[PDB]
Amino acid sequence: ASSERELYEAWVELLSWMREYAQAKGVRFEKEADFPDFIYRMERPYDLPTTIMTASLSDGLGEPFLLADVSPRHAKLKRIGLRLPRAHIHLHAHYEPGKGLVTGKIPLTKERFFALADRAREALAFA
Amino acid sequence: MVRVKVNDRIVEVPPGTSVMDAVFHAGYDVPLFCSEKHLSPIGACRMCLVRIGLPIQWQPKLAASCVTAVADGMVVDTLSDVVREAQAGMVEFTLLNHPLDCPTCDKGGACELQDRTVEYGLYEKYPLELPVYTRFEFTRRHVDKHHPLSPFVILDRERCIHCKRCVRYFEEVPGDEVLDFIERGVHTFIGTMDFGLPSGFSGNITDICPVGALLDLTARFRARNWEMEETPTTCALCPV
Amino acid sequence: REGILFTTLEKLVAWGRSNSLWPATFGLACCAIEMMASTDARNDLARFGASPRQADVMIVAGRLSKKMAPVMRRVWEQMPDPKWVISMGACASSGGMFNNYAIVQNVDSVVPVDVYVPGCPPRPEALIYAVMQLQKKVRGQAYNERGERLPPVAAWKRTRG
Amino acid sequence: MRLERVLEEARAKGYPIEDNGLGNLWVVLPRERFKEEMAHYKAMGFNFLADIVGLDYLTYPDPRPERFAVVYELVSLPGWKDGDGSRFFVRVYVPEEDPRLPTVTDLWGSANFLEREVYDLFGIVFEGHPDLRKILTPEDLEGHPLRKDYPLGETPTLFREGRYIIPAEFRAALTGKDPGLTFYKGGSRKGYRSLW
Amino acid sequence: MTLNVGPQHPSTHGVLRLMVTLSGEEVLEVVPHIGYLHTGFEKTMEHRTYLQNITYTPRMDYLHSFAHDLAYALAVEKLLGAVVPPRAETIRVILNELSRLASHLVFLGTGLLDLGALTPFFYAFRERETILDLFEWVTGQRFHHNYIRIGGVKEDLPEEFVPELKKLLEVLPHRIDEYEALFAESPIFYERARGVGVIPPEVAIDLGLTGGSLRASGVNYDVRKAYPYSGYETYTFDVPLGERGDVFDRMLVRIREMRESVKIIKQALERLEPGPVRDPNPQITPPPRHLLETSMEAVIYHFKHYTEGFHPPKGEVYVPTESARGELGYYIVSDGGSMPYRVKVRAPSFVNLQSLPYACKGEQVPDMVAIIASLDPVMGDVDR
Amino acid sequence: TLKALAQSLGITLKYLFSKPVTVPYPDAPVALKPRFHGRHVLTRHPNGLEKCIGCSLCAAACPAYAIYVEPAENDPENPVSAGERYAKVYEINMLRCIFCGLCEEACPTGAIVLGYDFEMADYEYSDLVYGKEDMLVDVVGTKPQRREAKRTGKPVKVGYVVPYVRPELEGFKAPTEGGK
Amino acid sequence: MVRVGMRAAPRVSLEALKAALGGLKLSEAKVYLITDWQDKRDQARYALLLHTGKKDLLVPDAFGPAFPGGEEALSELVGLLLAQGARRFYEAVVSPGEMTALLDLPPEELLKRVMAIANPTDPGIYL
Ligand code: SF4
Ligand code: SF4
Ligand code: SF4
Ligand code: SF4
Ligand code: SF4
Ligand code: FES
């Protein structure tokens, strides 16, 4: 559906949350990758709310403890995922209309994410 | 010497020969990622796959020519419709999760992936049919990108095709396992818990990498491979 | 007397020349055919002579072969003095797309260039721009990128010899 | 029909026959039989002499019999007396250390300028020519430009602050004997052909 | 009097140098001297991609350039075994013939001026301008258009090209006739050109004068007919001819060629329906620009194609084509490299010239000018 | 054939009394076709981000070798282009340039795209090697044009008009048609 | 081929050249000026290769305004070629990087490269 659009908007949202946890703890955030379908989009039109495909939270050493990504505008079975490096931890965010952003049947709130990020920093982050 | 015939031509070739080398020795060719000069072949990237006969008696499944020994009076097929189809296939599996960086990639003009892909890839299916480059229409593997491993060495985990070349190298040649794969399946990636990239030999992996995963930081973003004037010389820094 | 030394008189003659600028074409390649278009639209210029003797402006239009250089040399020398050189197109101006044994890699080697006109071939209206350049150049109305005012005649600046 | 009479003649006398499936055909005569055989060729009804094309194979990846090879193009005009439309190449290899070859000037006056060009650009001297004068390359040019051992003669293309490009050090494109930028080249980049 | 008609002066056209061995008002023998335009493509092009060369192909015969484009494109396609789409082929015949009308328009413009007088250069120039506007419309360039591709052609035709080709296809029949009107009934020209310029067919054949200055002396050979290529095999096609080769007949033959060319333009214009425009084989043709933002294979192939280019099989190849100056064709030796091993260009204008010491032998001096213009050389093709 | 002299004159007469043909550049602006090959332009995305990711494939595509691109790494805080890479130097020697547009055609991001300007004739060789900051979509004029327009303070008028600008030039403002 | 002079030292090189030419008549000689950079003669350096036809002579890059009092040296050089009746002057353009390597090559090779790249030039620009 046009759920796609609300998904990209929500993706922008999640990025915002990453940036915040980043400043809060004095621990590095990084924009990893932009959209090929924007970069290599030439004259072609681009309506997406941002141009950004991949991001992360890195420790002092720059090794990431948290990773986050959204599907390109043109891919089938669109998802946004989360991955914890080294920990074999994979999470899949969908979007149910009216409810909000969900992992399967479980609502994904900002809070849930901040807790996951702190556990991540304290466990995984080397410095 | 052991008598081998590759495609339309015949070669003398010493007994312990890799089928790949008997191939190339006959003046032919075959995709090559995991295996490396001075490195253990392990049929890993599975690029070098060819056909072998031993009497006309063809073996059932394909030999990785890199990890196959050669036997006396042996036949090797590299141009068959089925072989080229298979080669194209492995190439497509490799290209399956890749990042899309060529214009912006430092591995630039000379990438074993780029060149192997353009050599052997997209086998001819049968007119001016309008064909598709890409079948897979799902989301790619996205990981950590542009990560400095040492003041001299940079890491893109997305580009890595999981040949064994760098880790293999570290254990075999210098003997410092400061690099190895981490998780498994498609999730697998290069990382280190020895942070400096300690070895005084660390920069060679930059040369070995068939792709741009491992690049040379001192020369990052300077010019494209073709664009340099390249001056072959000898290093006067020490007596070797 | 070269058009000089009364503020009224020199300006007067200098217009005379700029607006009179009398092209003597020196065709070489496809560029010459792109100047034969310029012949159509033209209105201080396109009467010729054609004979070199009779003209101020030399238009080098085309690839100038190395064997061809000493020729163009004398044609330029065999022009009356208050004379200007326009260099037309890439082959003339620099070595162009033919970078090699055959062709002069800048015509400025053999004849003093006044004005350069890029393109392969340049549109004719660009050559009008160049003769307006050279028009306004000999009026002493012309400047480079460094801030400097440009002399009416280049080849008032080379040592002949 | 006059072409068949050429091939049938070449097979008996042991003349090798080259063929590409593009529709182009060659006949290589030895040096000896060349002058006379080709005299016989004009005599055979060959109106028109199209080309003399000089070839320097020095840098060609595979070896050939001799370094330079010349190809003449003989034809019989289709709209003339009885024209087949029979056109074909006759190739003659020539030694590096012996750039000799008889002119067909007597036969065709076409042979006049073309053989001179092949003299200018390659060192090849054509016997019996009315006038072998240098044709194309500047009077005081030394040597023979289009033979491979002779520099293309590039000059750097020029930019702003100490910035240059040396084309031959800039070139992305590879020749036949070029390795390429990886460990080797296979496949399409060792040569490719689509199958119709 | 060995009179020395110089390199560029006095109006010996296109930078030729002529040693007219001449006592009196006749002409003994002209000893021709060329080489003044020698750019050295055959070497330069050994240093360019097969794609890169397509920028160097139009540049030799700059009047009928697309005949270069066509010949080279074809010889390579053949050599690498590529399949050219029908609409591309049709467009290539249209452009070839339109470029021919351009070239011819030029030839007779200069001819009429060269001896005789000034006026009709301008009308030919007007029609040529409509043609050049057509070329600019489709290729973005006046000439040297980088359009034809080894697959096919660079991109498709815009909306506005069709309407404008018709306009000129409408005026031209009346128009070509107007040029003809002045000429065929030649007032002075008849007593100027009819006698001068002797061409025996046998010597034309002996010296190898192929280029449509051949049919003016009564030999019937056209490459579009004798050795058909781009589907000229399939057109309603008239080949004009001359009686005894003089200046006059050559001169009118090409004018007839212009209406027949226009008839080919109309004919091909009729047969044109929507489709794709170049051979999709990625080895041959760089990927579609839109999917550079999606496919891995796309990006790889884009990068590779525009840097290295492609490698045709080891082989030699040649294909013959018809320009407005005669037999044209590229002899391409490929070594399986990204750049041709060697490209020798069969230059029609170069072989056509062996018959000028013959042609203007015994002719007048004022006529020795006219007899040159009548032979229609282009020096870029000659020196080269 | 005596009659011809007469008819010859006649047609010319017809043509004298027919007045019209020609365009008086620069006083009347030349009409250009939309695909014409002009002064190179670098283009930007809606974001304002430059299309140029500085990959120098325009330069590799170049038969005249007229394009020099020194590459560079994007600054996370304040970015230039959409990748991690952009063009630190873009020089084009107009004098070296043959005007194919193989650069544009090679260009992966639709960065390098030939423009509409032809009034670039200039007095000095090295003034003719254009840099990036002479080529961006925002710029209106050629070098001598702009320089005259500053030393005069009289604004630039280009001597051309087009029916419209191509999709690939998006952002490039030009005098068009009666669109204005 | 002989090689005289040394890089970047105008007056010594000029005095030595004056010594070496002698009563040699130059009417059939060809004079090649080797330089980097077509446009800017103001900061230019110049090396010279003289092909007399009966023997060749190399001078490194010691000439031009690039070095102090160098301009007057190049000017007197060309003047002196002109006096002995040299006529045919040529200009050769090399990369700056080339210039050192070029003159360390063997005589024959260097000379063929020079004749291949050299552009006919007006002697007057060096006066
Ligand atoms: S690793 Fe090779 S294929 Fe991948 S982006 Fe870099 S150059 Fe392209
Ligand atoms: S980083 Fe490179 S060398 Fe190491 S396994 Fe990955 S692809 Fe092979
Ligand atoms: S600049 Fe272009 S149009 Fe002019 S002579 Fe050179 S190739 Fe021909
Ligand atoms: S138009 Fe052609 S010559 Fe000019 S920069 Fe582009 S590729 Fe090079
Ligand atoms: S203009 Fe295009 S081709 Fe050139 S460097 Fe920029 S993105 Fe790459
Ligand atoms: S090359 Fe043999 S499997 Fe990697």
# chains A, B, ... in the order shown; residues from 1 in each chain; ligands from 1
>>> residues_around(residues="residue 66 (chain D)", least_positions_apart="6", cutoff="10 Å", atoms="only C-alpha atoms", output="PyMOL selection string")
chain D and resi 56-58+92-97
>>> residues_around(residues="residue 107 (chain G)", least_positions_apart="5", cutoff="9 Å", atoms="only C-alpha atoms", output="PyMOL selection string")
chain G and resi 1-2+56+58+112
>>> write_last_selection(atoms="N, CA, C and O atoms", output="short mmCIF file (atom, residue, chain, number, x, y, z; two decimals), in the first residue's frame")
data_model
loop_
_atom_site.label_atom_id
_atom_site.label_comp_id
_atom_site.auth_asym_id
_atom_site.auth_seq_id
_atom_site.Cartn_x
_atom_site.Cartn_y
_atom_site.Cartn_z
N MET G 1 75.25 10.42 -30.11
CA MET G 1 74.78 11.67 -29.51
C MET G 1 75.66 12.12 -28.35
O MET G 1 76.06 11.32 -27.51
N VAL G 2 75.96 13.42 -28.33
CA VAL G 2 76.65 14.06 -27.22
C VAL G 2 75.64 14.66 -26.24
O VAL G 2 74.57 15.10 -26.65
N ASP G 56 73.97 14.45 -33.23
CA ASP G 56 72.96 15.04 -32.35
C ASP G 56 73.53 15.59 -31.04
O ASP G 56 74.55 15.10 -30.56
N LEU G 58 72.37 17.01 -26.96
CA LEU G 58 71.40 17.24 -25.87
C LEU G 58 71.84 18.25 -24.80
O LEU G 58 72.97 18.23 -24.33
N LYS G 112 63.97 9.78 -31.31
CA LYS G 112 62.75 9.41 -32.03
C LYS G 112 61.49 9.92 -31.32
O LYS G 112 60.56 10.40 -31.97
#
>>> residues_near_ligand(ligand="ligand 6", cutoff="9 Å", atoms="only C-alpha atoms and all ligand atoms", output="VMD selection string")
chain B and resid 20 30 to 36 41 to 49 63 to 68 163 to 164
>>> write_last_selection(atoms="N, CA and C atoms", output="compact mmCIF listing (two decimals), in the first residue's frame")
# COMPACT_ATOMS: atom_id res chain seq x y z
N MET B 20 43.17 -26.17 -11.82
CA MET B 20 43.12 -24.76 -12.21
C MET B 20 44.37 -24.33 -12.93
N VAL B 30 39.41 -19.38 -15.90
CA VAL B 30 38.31 -19.83 -15.06
C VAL B 30 38.27 -18.94 -13.81
N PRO B 31 37.06 -18.52 -13.41
CA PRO B 31 36.83 -17.57 -12.31
C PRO B 31 37.59 -17.94 -11.04
N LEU B 32 38.06 -16.93 -10.34
CA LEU B 32 39.00 -17.20 -9.27
C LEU B 32 38.93 -16.17 -8.15
N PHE B 33 38.37 -16.57 -7.02
CA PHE B 33 38.27 -15.66 -5.88
C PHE B 33 38.99 -16.14 -4.64
N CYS B 34 38.62 -17.31 -4.15
CA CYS B 34 39.17 -17.75 -2.89
C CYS B 34 40.61 -18.17 -3.07
N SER B 35 40.91 -18.86 -4.16
CA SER B 35 42.28 -19.30 -4.33
C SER B 35 43.15 -18.14 -4.79
N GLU B 36 44.40 -18.23 -4.37
CA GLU B 36 45.38 -17.16 -4.51
C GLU B 36 46.74 -17.78 -4.67
N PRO B 41 44.47 -23.56 -1.85
CA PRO B 41 43.15 -23.51 -2.44
C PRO B 41 42.23 -24.19 -1.45
N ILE B 42 41.02 -23.68 -1.32
CA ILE B 42 39.95 -24.42 -0.68
C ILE B 42 38.81 -24.05 -1.56
N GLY B 43 38.06 -25.04 -2.03
CA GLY B 43 37.02 -24.72 -2.97
C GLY B 43 36.01 -24.02 -2.10
N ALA B 44 35.98 -22.71 -2.21
CA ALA B 44 35.32 -21.93 -1.20
C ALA B 44 34.37 -20.98 -1.87
N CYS B 45 34.94 -20.12 -2.70
CA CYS B 45 34.11 -19.22 -3.46
C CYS B 45 33.46 -20.03 -4.56
N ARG B 46 34.10 -21.15 -4.88
CA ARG B 46 33.58 -22.16 -5.79
C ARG B 46 33.48 -21.57 -7.17
N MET B 47 34.42 -20.71 -7.51
CA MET B 47 34.39 -20.03 -8.80
C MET B 47 35.08 -20.84 -9.87
N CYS B 48 36.05 -21.62 -9.45
CA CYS B 48 37.02 -22.16 -10.39
C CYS B 48 36.47 -23.44 -10.99
N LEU B 49 35.17 -23.65 -10.84
CA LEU B 49 34.59 -24.96 -11.11
C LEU B 49 34.65 -25.31 -12.58
N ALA B 63 34.32 -30.39 -10.46
CA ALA B 63 35.52 -30.22 -9.67
C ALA B 63 35.80 -28.74 -9.54
N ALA B 64 36.14 -28.32 -8.33
CA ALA B 64 36.74 -27.01 -8.18
C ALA B 64 38.16 -27.21 -8.65
N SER B 65 38.51 -26.51 -9.73
CA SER B 65 39.78 -26.77 -10.40
C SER B 65 40.90 -26.30 -9.54
N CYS B 66 40.57 -25.49 -8.53
CA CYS B 66 41.57 -24.95 -7.64
C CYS B 66 41.97 -26.00 -6.62
N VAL B 67 41.00 -26.76 -6.16
CA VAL B 67 41.26 -27.78 -5.16
C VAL B 67 41.27 -29.20 -5.67
N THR B 68 41.37 -29.37 -6.98
CA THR B 68 41.37 -30.71 -7.50
C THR B 68 42.80 -31.00 -7.91
N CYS B 163 35.49 -15.14 0.42
CA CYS B 163 36.57 -16.02 0.04
C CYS B 163 37.37 -16.12 1.32
N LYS B 164 38.47 -16.85 1.37
CA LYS B 164 39.10 -16.88 2.67
C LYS B 164 40.35 -16.05 2.70
>>> closest_atom_pairs(of="chain B", to="ligand 1", cutoff="6 Å", atoms="only C-alpha atoms and all ligand atoms", output="JSON lines")
{"residue": "B:100", "atom": "CA", "partner": "ligand 1", "partner_atom_place_in_ligand_line": "5 (S)", "distance": 4.9}
{"residue": "B:101", "atom": "CA", "partner": "ligand 1", "partner_atom_place_in_ligand_line": "5 (S)", "distance": 3.3}
{"residue": "B:102", "atom": "CA", "partner": "ligand 1", "partner_atom_place_in_ligand_line": "8 (Fe)", "distance": 3.4}
{"residue": "B:105", "atom": "CA", "partner": "ligand 1", "partner_atom_place_in_ligand_line": "6 (Fe)", "distance": 4.6}
{"residue": "B:107", "atom": "CA", "partner": "ligand 1", "partner_atom_place_in_ligand_line": "7 (S)", "distance": 4.8}
{"residue": "B:108", "atom": "CA", "partner": "ligand 1", "partner_atom_place_in_ligand_line": "7 (S)", "distance": 4.8}
{"residue": "B:111", "atom": "CA", "partner": "ligand 1", "partner_atom_place_in_ligand_line": "2 (Fe)", "distance": 4.9}
{"residue": "B:113", "atom": "CA", "partner": "ligand 1", "partner_atom_place_in_ligand_line": "2 (Fe)", "distance": 5.4}
{"residue": "B:114", "atom": "CA", "partner": "ligand 1", "partner_atom_place_in_ligand_line": "3 (S)", "distance": 4.8}
{"residue": "B:159", "atom": "CA", "partner": "ligand 1", "partner_atom_place_in_ligand_line": "1 (S)", "distance": 5.4}
{"residue": "B:211", "atom": "CA", "partner": "ligand 1", "partner_atom_place_in_ligand_line": "1 (S)", "distance": 4.2}
{"residue": "B:212", "atom": "CA", "partner": "ligand 1", "partner_atom_place_in_ligand_line": "1 (S)", "distance": 4.2}
>>> residues_around(residues="region 88-91 of chain G", least_positions_apart="4", cutoff="12 Å", atoms="only C-alpha atoms", output="ChimeraX atom specification")
/C:66-67,69-70,73,104-110 /D:140,155 /G:26-38,46-52,77-79,81-82,114-126
>>> residues_near_ligand(ligand="ligand 5", cutoff="9 Å", atoms="only C-alpha atoms and all ligand atoms", output="PyMOL selection string")
(chain A and resi 40) or (chain B and resi 103-104) or (chain F and resi 41-43+50-61+67+69-71+86-87+90+103-113)
>>> interface_residues(of="chain E", to="chain F", cutoff="7 Å", atoms="only C-alpha atoms", output="mmCIF file with C-alpha atoms, in the first residue's frame")
data_model
loop_
_atom_site.group_PDB
_atom_site.id
_atom_site.type_symbol
_atom_site.label_atom_id
_atom_site.label_comp_id
_atom_site.auth_asym_id
_atom_site.auth_seq_id
_atom_site.Cartn_x
_atom_site.Cartn_y
_atom_site.Cartn_z
ATOM 1 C CA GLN E 52 35.667 6.000 -28.505
ATOM 2 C CA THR E 55 33.732 10.073 -32.215
ATOM 3 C CA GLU E 136 20.942 19.186 -34.381
ATOM 4 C CA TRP E 137 17.393 18.188 -33.481
ATOM 5 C CA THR E 139 21.868 14.335 -32.344
ATOM 6 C CA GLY E 140 22.416 17.635 -30.556
ATOM 7 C CA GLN E 141 25.161 18.396 -33.087
ATOM 8 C CA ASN E 146 28.168 11.021 -31.857
ATOM 9 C CA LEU E 182 19.380 26.970 -63.673
ATOM 10 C CA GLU E 185 19.589 24.441 -69.388
ATOM 11 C CA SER E 186 23.160 25.691 -68.871
ATOM 12 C CA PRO E 187 23.592 29.188 -70.404
ATOM 13 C CA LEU E 292 21.981 2.123 -12.272
ATOM 14 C CA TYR E 306 32.695 3.215 -20.059
ATOM 15 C CA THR E 307 36.242 2.585 -18.852
#
>>> residues_around(residues="residue 142 (chain C)", least_positions_apart="4", cutoff="9 Å", atoms="only C-alpha atoms", output="PyMOL selection string")
(chain C and resi 133-134+136-138+148-152) or (chain F and resi 123+148)
>>> write_last_selection(atoms="C-alpha atoms", output="PDB file, in the first residue's frame")
ATOM      1  CA  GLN C 133      35.799  39.917 -29.139  1.00  0.00           C
ATOM      2  CA  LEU C 134      38.492  40.833 -31.545  1.00  0.00           C
ATOM      3  CA  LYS C 136      36.176  44.979 -29.058  1.00  0.00           C
ATOM      4  CA  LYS C 137      39.685  43.670 -28.547  1.00  0.00           C
ATOM      5  CA  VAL C 138      41.338  46.067 -30.951  1.00  0.00           C
ATOM      6  CA  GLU C 148      44.629  42.684 -17.280  1.00  0.00           C
ATOM      7  CA  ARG C 149      43.516  44.752 -20.281  1.00  0.00           C
ATOM      8  CA  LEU C 150      44.391  43.079 -23.574  1.00  0.00           C
ATOM      9  CA  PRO C 151      46.416  44.741 -26.451  1.00  0.00           C
ATOM     10  CA  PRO C 152      44.636  45.445 -29.752  1.00  0.00           C
TER      11      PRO C 152
ATOM     12  CA  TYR F 123      41.619  35.623 -25.422  1.00  0.00           C
ATOM     13  CA  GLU F 148      32.343  41.562 -19.333  1.00  0.00           C
TER      14      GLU F 148
END
>>> residues_around(residues="region 332-339 of chain E", least_positions_apart="3", cutoff="10 Å", atoms="only C-alpha atoms", output="ChimeraX atom specification")
/D:55,57,59-62,172-180,188-193 /E:45-53,72,75-76,79-80,305,307-319,329,342-345
>>> residues_near_ligand(ligand="ligand 3", cutoff="10 Å", atoms="only C-alpha atoms and all ligand atoms", output="ChimeraX atom specification")
/C:27-35,60-64,88-98,117-123 /E:37,39,55-56,58-62,142-144,380 /F:95-99
>>> residues_near_ligand(ligand="ligand 2", cutoff="12 Å", atoms="only C-alpha atoms and all ligand atoms", output="NGL selection string")
:B and (32-36 or 39 or 44-45 or 94-95 or 98 or 107 or 111-113 or 149 or 153-170 or 178-182 or 188-192 or 203-215)
>>> interface_residues(of="chain A", to="chain F", cutoff="10 Å", atoms="only C-alpha atoms", output="PyMOL selection string")
chain A and resi 30-47+50-52
>>> write_last_selection(atoms="C-alpha atoms", output="CSV table (one decimal), in the first residue's frame")
chain,number,residue,atom,x,y,z
A,30,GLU,CA,27.2,7.2,12.2
A,31,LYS,CA,25.2,7.6,9.0
A,32,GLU,CA,26.4,4.5,7.1
A,33,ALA,CA,24.8,4.6,3.6
A,34,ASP,CA,22.5,6.6,1.3
A,35,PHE,CA,20.0,5.3,-1.3
A,36,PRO,CA,21.4,4.1,-4.6
A,37,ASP,CA,17.9,5.0,-5.9
A,38,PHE,CA,18.8,8.6,-4.9
A,39,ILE,CA,22.5,8.8,-5.6
A,40,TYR,CA,22.2,7.0,-8.9
A,41,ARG,CA,18.8,8.4,-9.4
A,42,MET,CA,19.7,11.0,-11.9
A,43,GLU,CA,17.0,13.2,-13.4
A,44,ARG,CA,14.6,10.6,-12.0
A,45,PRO,CA,12.3,11.7,-9.2
A,46,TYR,CA,12.7,11.3,-5.5
A,47,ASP,CA,9.9,11.8,-3.1
A,50,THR,CA,15.3,11.2,3.5
A,51,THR,CA,17.9,9.8,1.2
A,52,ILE,CA,19.5,7.6,3.8
>>> interface_residues(of="chain E", to="chain B", cutoff="7 Å", atoms="only C-alpha atoms", output="short mmCIF file (atom, residue, chain, number, x, y, z; two decimals) with C-alpha atoms, in the first residue's frame")
data_model
loop_
_atom_site.label_atom_id
_atom_site.label_comp_id
_atom_site.auth_asym_id
_atom_site.auth_seq_id
_atom_site.Cartn_x
_atom_site.Cartn_y
_atom_site.Cartn_z
CA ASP E 279 21.30 -4.24 -29.71
CA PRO E 280 20.60 -5.06 -26.02
CA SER E 295 21.18 -3.53 -10.03
CA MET E 296 24.69 -4.62 -9.07
CA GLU E 297 25.29 -6.05 -12.55
CA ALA E 298 24.17 -2.75 -14.07
CA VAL E 299 26.71 -0.73 -12.14
CA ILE E 300 29.54 -3.17 -12.79
CA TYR E 301 28.80 -3.21 -16.51
CA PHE E 303 31.67 1.22 -15.01
#
>>> interface_residues(of="chain E", to="chain A", cutoff="8 Å", atoms="only C-alpha atoms", output="PyMOL selection string")
chain E and resi 290+292-294
>>> interface_residues(of="chain C", to="chain E", cutoff="6 Å", atoms="only C-alpha atoms", output="list in words")
residues 30, 65, 68 and 102 of chain C
>>> residues_around(residues="region 7-22 of chain C", least_positions_apart="2", cutoff="10 Å", atoms="only C-alpha atoms", output="PyMOL selection string")
chain C and resi 1-5+24-25+43-49+54-58+82-84+131-140+152
